Amino acid sequence: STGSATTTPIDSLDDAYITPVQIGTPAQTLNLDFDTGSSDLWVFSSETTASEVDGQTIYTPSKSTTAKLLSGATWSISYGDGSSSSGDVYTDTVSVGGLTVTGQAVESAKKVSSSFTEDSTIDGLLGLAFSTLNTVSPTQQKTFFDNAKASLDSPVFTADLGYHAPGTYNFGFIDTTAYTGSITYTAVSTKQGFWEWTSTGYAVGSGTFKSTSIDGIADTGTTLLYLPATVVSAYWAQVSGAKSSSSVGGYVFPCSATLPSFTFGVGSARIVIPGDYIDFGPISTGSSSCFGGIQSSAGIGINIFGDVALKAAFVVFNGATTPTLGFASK
């Protein structure tokens, strides 16, 4: 089997991407944030504290003839940005782009933190990291991909995120028309439960490439590119007037600037992030100070190849017995 679904930016800045997912019978379609940095499929629901729902579409398990309460199971997750959610668990039928999994754990939120409430466009998350990170207790549950894998034509999914435009998540096949040149594959460590890999270096604008190992994660659920402070300083030093602002929470730059590109290495290959991808717009409405899309990972504890990086590439998440990651230009 295969599946193919369009993923759409939630706003004009590509702050996140949403992908429609069918849950239950008859189908209830929710727009979920596909997140290769976590491993829980959780949704706003009829069980979510009412004051914490503000415009989201909810899953109502009582209206699904295939929903079954997973007795005694609870979940609770905290994300790298300080947000969180928790609740109980159903199994139900879940389909993405024509690919159907029966008996998928659908984690129903009883509580969500303010950032989730405040984002009316995101109805929940669909985790695509390794199932070892799944938070369901006392019996850990599998991700949608893990459940689908054996049925797929090939045990892979691909992320093709757009810049200020829709893109595509495919399951079970590699669309050879969706990228240019070749796909370069690179090793993955699953030791932390992530799609963790080592970039071979970077360049800033038209500058020379610096060969240096940068361990980090391919994370579709993180908006920005978080890299070591040395790398980030080298980038922003090429933008007149750019500075790190403790009050704002990272590097900002004059909105009048033209940003340089940023290149990262994948083996001997190179992925170029155009400068415009690194612009996240005014820090507040009407400001001439703009927020940067490349930020320091210092104090995160891990480097994160988030959407800023991934959207410059066609990315293969290869879930073979020994997983790997593939990157192509597009």
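Residues numbered from 1 in each chain as written, not as in the entry; some residues may be left out. Heavy atoms only, no water. Residues with missing side-chain atoms left out of burial classes, pairs and counts.

Asker: Mind laying out the overall build of the protein, listing which residues take part and the relevant values?
Answerer: Along the protein, the regular secondary structure elements total four helices and 24 strands. A globule of 330 residues ought to have a C-alpha radius of gyration of about 20 Å, and the protein, at 20 Å, matches this closely. Dimensions of the protein along its principal axes, counting C-alpha atoms only, are 60 × 45 × 30 Å. Taking contacts inside the protein between residues at least 6 apart in sequence as the whole, the part at least 24 apart equals 66%. (Helix = DSSP H or I, 4+ residues; strand = E, 2+ residues; numbered from the N terminus. Rg over C-alpha atoms; globule rule 2.2 N^0.38 Å. Contact = heavy atoms within 4.5 Å.)

Asker: Describe the pattern of salt bridges, listing the residues and the values that go with them.
Answerer: Counted by the stated rule, this structure contains two salt bridges. Linking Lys-311 and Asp-14 is a salt bridge whose minimum nitrogen-to-oxygen distance equals 2.9 Å. Taken as a pair, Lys-311 in the loop between α4 (307-310) and β23 (314-318) and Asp-14 in the loop between β1 (3-9) and β2 (17-23) lie far apart in primary sequence, 297 residues in all. (Salt bridge = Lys/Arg side-chain N within 4 Å of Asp/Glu carboxyl O.)

Asker: Pulling in residues and values, what's your account of the layout of surface pockets?
Answerer: Over the atoms, a rolling probe the size of a water molecule traces out where space has been left empty. In this structure, the largest pocket spans a volume of roughly 1200 Å³. Looking at the largest pocket, it is lined by 39 residues, and the ones nearest its centre are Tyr-79, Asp-81, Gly-221, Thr-222 and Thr-223. Residue assignment for the lining of the largest pocket shows that the elements contributing at least two residues are β3 (28-35), β5 (68-78) and α1 (114-118). Of the residues assigned to the lining of the largest pocket, the class counts are 19 nonpolar, twelve polar and eight charged. (1 Å grid on protein atoms, 1.4 Å probe; cavity = no way out; pocket = protein on both sides within 12 Å on 5 of 7 lines; lining within 4 Å. Points joined across faces, edges and corners; volume = space filled by probe spheres on them. Nonpolar A, V, L, I, M, F, W, Y, C, P; charged D, E, K, R; others polar.)

Asker: Quick rundown of the domain arrangement of the protein? Include the residues and the values.
Answerer: Split by domain assignment, the protein resolves into domain 1 (5-174) and domain 2 (175-330). Placing a centre on the C-alpha atoms of domain 1 and another on those of domain 2 gives a separation of 25 Å. Listed as interface residues are 30 residues of domain 1 and, on the opposing side, 33 residues of domain 2. For the side of domain 1 that touches domain 2, the secondary structure elements donating two or more residues are β3, β9 (156-160) and β10 (167-171). Of all the elements, β9 adds the most residues to the side of domain 1 that touches domain 2, at five residues. (Domains from an automatic or database assignment.)

Asker: Provide a residue-level description of the pairing of strand β18 (residues 269-273), including the pertinent values.
Answerer: Taken together, the five bridges between strand β17 (residues 262-266) and β18 define a ladder with antiparallel strand orientation. Bridging from a neighbouring strand, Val-266 pairs with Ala-269 of β18. Connecting β17 to the antiparallel partner β18 that follows it, the hairpin turn spans two residues, and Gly-267 within it adopts a positive phi of roughly 55°. (Pairing = 2+ DSSP bridges.)

Asker: Could you give an account of the UniProt feature "active site" in the protein, naming the residues involved and the relevant values?
Answerer: Taking the UniProt record as the reference, the feature "active site" is found at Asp-35 and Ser-199. Cross-referencing the annotated residues with the largest pocket identifies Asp-35 as lining it. Here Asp-35 is to be found in strand β3. Residue classification places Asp-35 among the buried residues on the basis of a relative accessible area of 5%. Leave out the neighbours within four places in its chain, and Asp-35 touches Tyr-79, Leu-125, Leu-126, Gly-127, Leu-128, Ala-129, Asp-219, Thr-220 and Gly-221. There is a polar contact of 2.9 Å between the side chain of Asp-35 and the backbone nitrogen of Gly-37. Along the chain, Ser-199 falls in strand β12 (residues 196-204). Judged by its relative accessible area of 1%, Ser-199 is buried. Excluding residues within four positions of it along the chain, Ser-199 makes contact with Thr-212, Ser-213, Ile-214, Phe-264, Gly-265 and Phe-305. At 3.4 Å, the side chain of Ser-199 forms a polar contact with the backbone oxygen of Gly-201. (UniProt positions renumbered as here; feature names shortened; annotations may be inferred. Buried < 20%, exposed > 50% of the residue type's maximum accessible area, 1.4 Å probe, protein only. Polar contact = N/O pair within 3.5 Å; in protein donor to acceptor, adjacent residues only side chain to side chain.)

Asker: Talk me through the UniProt feature "disulfide bond" in the protein; I want residue IDs and the actual numbers.
Answerer: Formation of the UniProt disulfide linking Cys-255 with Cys-290 is confirmed by an inter-sulfur distance of 2.0 Å, under the 2.5 Å limit. With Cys-255 in the loop between β16 (250-254) and β17 and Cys-290 in strand β20 (residues 289-292), the pair connects residues that are 35 residues apart, well separated along the chain. (Disulfide = S-S within 2.5 Å.)

Asker: Please give an account of the nonpolar core that cites residues and values.
Answerer: Core analysis: the biggest nonpolar cluster contains 73 residues, and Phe-171, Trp-236, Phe-262, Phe-264, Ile-273 and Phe-327 have the highest contact counts within it. Tallying contributions element by element places helix α3 (residues 229-236) first for this core, with four residues. The residue makeup of this core includes at least three contributed by each of domain 1 (5-174) and domain 2 (175-330). Those residues in contact with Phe-171 that sit more than four places away from it in its chain are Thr-2, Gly-3, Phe-34, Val-96, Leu-99, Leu-128, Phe-144, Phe-145, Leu-152, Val-156 and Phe-157. The next biggest cluster of nonpolar side chains, apart from the first, holds 17 residues, and it includes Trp-42, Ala-73, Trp-75 and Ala-109. (Core = buried A, V, L, I, M, F, W, Y, C linked by side-chain atoms within 4.5 Å.)

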